[PDB]
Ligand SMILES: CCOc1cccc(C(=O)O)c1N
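The form solved without this ligand is given below as one chain in structure tokens.
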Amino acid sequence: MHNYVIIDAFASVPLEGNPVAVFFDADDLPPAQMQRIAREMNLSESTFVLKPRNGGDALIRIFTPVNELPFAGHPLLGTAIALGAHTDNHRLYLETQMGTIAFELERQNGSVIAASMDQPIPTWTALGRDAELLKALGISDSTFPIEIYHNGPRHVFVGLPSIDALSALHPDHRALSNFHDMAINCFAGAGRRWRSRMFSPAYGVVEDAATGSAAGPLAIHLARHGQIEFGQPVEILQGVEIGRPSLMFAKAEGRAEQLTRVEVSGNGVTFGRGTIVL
């Protein structure tokens, strides 16, 4: 009854990046059933491709094993790459709970290998729990201001003075569980090239492979704090320490006070394909 594909998002090699299951022709599935299927698959998200209701190409609903999400970066990227297999269009308009997200698809010989999305514009403020967070992470201080960004999920950024220092982190995950409804993103790098690790008890992941919705906020954080310019693309490599390398590209256009576009792009690859019995 339903076809699905498993896409590793932010990777070009299977078993790298972050998997999402994408279910096609889902209009006959009530959302209670979509939630049960997402629970059954147990991937960080499963998405469901529905007929559009506002002039887009398709309406996408995104579910973790436990709840529906209004926005998620890696699941949406994977969905666009999956759906790109059944269309010839250059651009793909995906309706979500939060509006229609424009995707540019990149192909080779009819195969979609990558896509770029324009993300919701985040907001941000100081976290204001620095000593607590630093203690939990096991370090004394951040490099750049510890700020928390909101674009659906919330992501806090803590900067490390080198990639080695980033890899040496061994956080107190019990201590981190006191930070509700957010993910902790630790980063290090220079110039165009940055490394990240994400930890989130609130979002049910000890350490995440590819935090798509943190990539845009990171490019903003770096530009605001003078490490790159607004409009300069950055490469963010995540998940190396846990053996799930994920490459996210991001760019924040405009200025802090008036952001014009937050672009995030990356590769996607098919890990598997199947059908389910309902």
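The term rigid core refers to the maximal set of C-alpha atoms that superpose within 1.5 Å between the two forms. Residue indices: 1-based, along the sequence shown.
Annotation for 214 to 222 versus 241 to 249: the higher mean temperature factor (C-alpha) is found in 241 to 249. For the segment pair 134 to 142 and 83 to 91, the entry gives 83 to 91 the higher mean B-factor, averaged over Cα atoms.
Set against one another, the Cα B-factors of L77, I148, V206, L160 in the record reach their highest point at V206. Per the deposited record, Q33 carries the highest C-alpha B-factor of all listed residues (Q227, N42, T47, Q33).
Looking at the C-alpha B-factors along this chain, the one for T125 belongs to the middle third. Ranked within its chain, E16 lands in the lowest third, by CA B factor from the PDB record. Among the modelled residues of the chain, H173 sits in the highest third by CA temperature factor in this PDB entry.
In the PDB entry, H155 places in the lowest third of its chain by CA B-factor. Among the modelled residues of its chain, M1 has a C-alpha B-factor that falls in the highest third, as given in the PDB entry.
Beyond the structure shown, there is the form deposited with this ligand bound, which is absent from this document and is the topic of what follows.
Taking non-hydrogen atoms only, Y93 never approaches this ligand to within 4.5 angstroms in the deposited bound form.
Mapping the unseen interface onto this chain, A210 counts among the residues with a heavy atom inside 4.5 Å of this ligand in the deposited bound form.
Contact annotation for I139: none of its heavy atoms lies within 4.5 Å of this ligand in the deposited bound form. This ligand in the deposited bound form comes within 4.5 Å of no heavy atom belonging to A80.
None of 65 to 73, 49 to 57, 33 to 41, 227 to 235 except one has non-hydrogen atoms within 4.5 angstroms of this ligand in the deposited bound form; the exception is 65 to 73. Residue-level contacts in the deposited bound form: of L133, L127, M198, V158, one residue has a heavy atom within 4.5 Å of this ligand, and it is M198.
Screening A102, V205, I113, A165 for any heavy atom within 4.5 Å of this ligand in the deposited bound form leaves a single hit, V205. Contacts between 11 to 46 and this ligand, taken as any heavy atom within 4.5 Å in the deposited bound form, involve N18, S44, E45.
Among the candidates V49, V234, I220, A209, displacement between this form and the one not shown reaches 2 angstroms at the C-alpha for one position only, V49 (superposition on the rigid core).
The rigid-core alignment places the CA of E68 2 Å or more apart between this form and the one not shown.
With the core held fixed, the Cα of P31 is displaced between this form and the one not shown by 2 Å or more.
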